[PDB]
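Residue 987 in the numbering used here is what sits at position 204 of the sequence shown, and the numbering runs on without skipping anything.
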Amino acid sequence: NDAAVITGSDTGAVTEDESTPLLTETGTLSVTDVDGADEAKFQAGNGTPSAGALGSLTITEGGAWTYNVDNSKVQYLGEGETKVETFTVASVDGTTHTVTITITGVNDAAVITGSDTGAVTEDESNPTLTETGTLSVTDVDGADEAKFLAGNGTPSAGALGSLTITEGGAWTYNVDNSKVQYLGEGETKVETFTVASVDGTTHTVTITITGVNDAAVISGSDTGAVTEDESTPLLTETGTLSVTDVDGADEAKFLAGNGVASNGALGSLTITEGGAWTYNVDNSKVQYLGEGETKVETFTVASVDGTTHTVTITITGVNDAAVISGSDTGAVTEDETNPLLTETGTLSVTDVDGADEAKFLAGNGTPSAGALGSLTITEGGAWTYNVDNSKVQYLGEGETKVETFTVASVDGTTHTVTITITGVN
Ligand SMILES: [Ca+2]
Ligand SMILES: [Ca+2]
Ligand SMILES: [Ca+2]
Ligand SMILES: [Ca+2]
Ligand SMILES: [Ca+2]
Ligand SMILES: [Ca+2]
Ligand SMILES: [Ca+2]
Ligand SMILES: [Ca+2]
Ligand SMILES: [Ca+2]
Ligand SMILES: [Ca+2]
Ligand SMILES: [Ca+2]
Ligand SMILES: [Ca+2]
Ligand SMILES: [Ca+2]
Ligand SMILES: [Cl-]
Ligand code: NA
């Protein structure tokens, strides 16, 4: 027996996903046999596969071979990855030939799932705000590709924080708490970070930062003073508060209107958006305060976000002169008694500065120049004048001598008692 000569197309190629559901390749082999044309033909049927062939090859008597493989079975091949399969065909005689099929893989996108959102709040921790989560990845091109590229996610424009992921998919977002202070209550900033699997398939993690209120910082003039009777009918005090607010210029101003007064305040205070305050009180309401006596009134004002500050006003009293009345005159007549001529009367005092000032300094009245007599007064206002009858004898019938005595209330207010001495023969 002489071996057939088998020639023609004995190689073929299919690419993953070139067609569906089958990848198919064809070729024709030709056979000549020197033992005659009954031998110069192929055994029709399946070629004998290499071990671990996924595809199959059939050949006709005429040498027309077809390779078929399920596209589903070659998905695991990565971009450019080759699998070579061989099939043995034979002459009617038994002379063998091999057909060589190459399968070439294409990339399959990774499938990325799991936690791809997170949230941090201003001041939840310090100095760093942290969020964590886990992505997971599958990739039909194999365990080699079913992994993240470890490192930083590519940040959105103007992101404050950063995100790192591990090969297993564990991500960590961190932002400096100092950098998010400027966000107001419930205000949000969204930052995104793009991560990648080995084959360059991307997924986004979206992080929402939420702000909390920062208390305004109020400073400037928060104290003021008025003095009774410095002006009328109002006593007025002004000052300017300043405010900053890290939550922004929207918040760095005052709520215009009245300050909330301390209970028992006699005055009132208004403030402008720009922090200019004005305290007013009716002068008539503070008369009752005595010299140097104080009354402190406080007014609560607020910034836009409700941060409060106190303005403290001190009212200082001044003396009101006592009103002195009652019996401030008296009379004695030469020889009416002996050896003293005596006269009594009672003064009264009332004082706007209070019942505490409604009394006299007890003691001697300050005598007029050349006074013969003298006068004492009690704390209650009862006075007593005495003169020696011997010293008034010189006065003629109906001739008078007027003597005056200055007394004082406890606040220093003076009053005169006037005594008339009348002469006889
Ligand atoms: Ca032969
Ligand atoms: Ca593939
Ligand atoms: Ca892949
Ligand atoms: Ca594929
Ligand atoms: Ca969180
Ligand atoms: Ca804030
Ligand atoms: Ca803050
Ligand atoms: Ca604020
Ligand atoms: Ca007064
Ligand atoms: Ca007064
Ligand atoms: Ca007084
Ligand atoms: Ca008083
Ligand atoms: Ca006389
Ligand atoms: Cl597919
Ligand atoms: Na703001």
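Beta carbons: idealized from backbone N, C-alpha and C, even for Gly.
Taken in chain order, the complete beta strand (DSSP E) segments of 3 residues or longer contained in the stretch 893-956 are 894-897, 900-904, 911-921, 945-948.
In the structure shown, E1013 adopts coil according to DSSP, grouped into three states.
Assignment of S1004 by DSSP, reduced to helix, strand and coil, places it in the coil class.
The stretch 863-880 and the stretch 828-836 touch, with three or more beta-carbon pairs separated by less than 8 Å.
For ligand 12, a non-hydrogen atom lies closer than 7 Å to the CB of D1136. Sequence-distant partners of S908 (beyond 5 residues in either direction) whose C-beta falls short of 8 Å from its own C-beta, in its chain, are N960. Relative to ligand 8, even the nearest heavy atom lies 7 Å or more away from the CB of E1056. For the options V920, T1021, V973, the alpha carbon positioned closest to that of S980 is the one of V920.
Under the three-state reduction of DSSP output, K1184 falls in the strand class. Less than 8 Å separates the beta-carbon of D785 from that of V817.
Taking one beta carbon from each stretch, the stretch 981-993 and the stretch 1012-1022 have fewer than 3 pairs nearer than 8 Å; the two do not touch.
With respect to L1052, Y1062 sits close: the two C-beta atoms are nearer than 8 Å. For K1142, the secondary structure class from DSSP, reduced to helix, strand or coil, is coil.
Taking 8 Å as the cut-off, the beta carbon of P938 is found closer than this to the beta carbon of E974. Taken in chain order, the complete beta strand (DSSP E) segments of 3 residues or longer contained in the stretch 803-842 are 805-815, 839-842. Annotated three-state conformation of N851 is strand, per DSSP. Between the stretch 1071-1080 and the stretch 1098-1107 there are three or more C-beta pairs closer than 8 Å, enough to call the two in contact. Nearest in C-alpha terms to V1087, of all of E1076, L1155, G1057, is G1057. Under DSSP, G1113 forms a beta bridge with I1202. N1121 counts as exposed, since fewer than 16 other C-beta atoms from the protein chains shown sit within 10 angstroms of its C-beta. For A1059, the uninterrupted beta strand (DSSP E) segment begins and ends at 1059-1065. If the five residues before and after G1164 are omitted, its C-beta is found closer than 7 Å to the C-beta atoms of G1109, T1129, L1130, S1131, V1132, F1143, all from its own chain and listed in chain order. Counted as a single uninterrupted DSSP element, the beta strand (DSSP E) harbouring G795 occupies residues 794-798. Proximity of the beta carbon of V981 to ligand 4 is not indicated: no heavy atom of the ligand is located closer than 7 Å.
When only Cα atoms are considered, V1200 and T1006 end up about 47 Å apart. Within the stretch 1010-1056, the complete beta strand (DSSP E) segments of 3 residues or longer fall at 1017-1027, 1051-1054, listed in chain order.
If you compare the alpha carbons of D1030, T1015, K1036, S1014 with that of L1024, the shortest gap goes to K1036. By the neighbour-count criterion, in which 16 or more other beta carbons inside 10 Å mark a residue as buried, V1185 falls on the exposed side.
In the DSSP assignment, the residues bridged to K1078 are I1098. DSSP places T984 outside any beta strand (DSSP E), giving it a letter other than H or E. Counting every other CB atom within 10 Å of its CB across the protein chains shown gives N1208 a total below 16, marking it as exposed. When C-beta atoms of the stretch 1134-1141 are compared with those of the stretch 1156-1175, fewer than three pairs fall below 8 Å, so the two segments do not count as touching. Using a cutoff of 7 Å, the CB of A1032 does not count as near ligand 8, since none of the ligand's heavy atoms is closer than that. With 7 Å as the limit, the residues whose C-beta approaches a heavy atom of ligand 6 more closely than that are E905, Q964, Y965, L966, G967, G994, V995, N996, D997, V1029, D1030, in chain order. Under the three-state reduction of DSSP, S1151 is assigned to coil, being neither helix nor strand.
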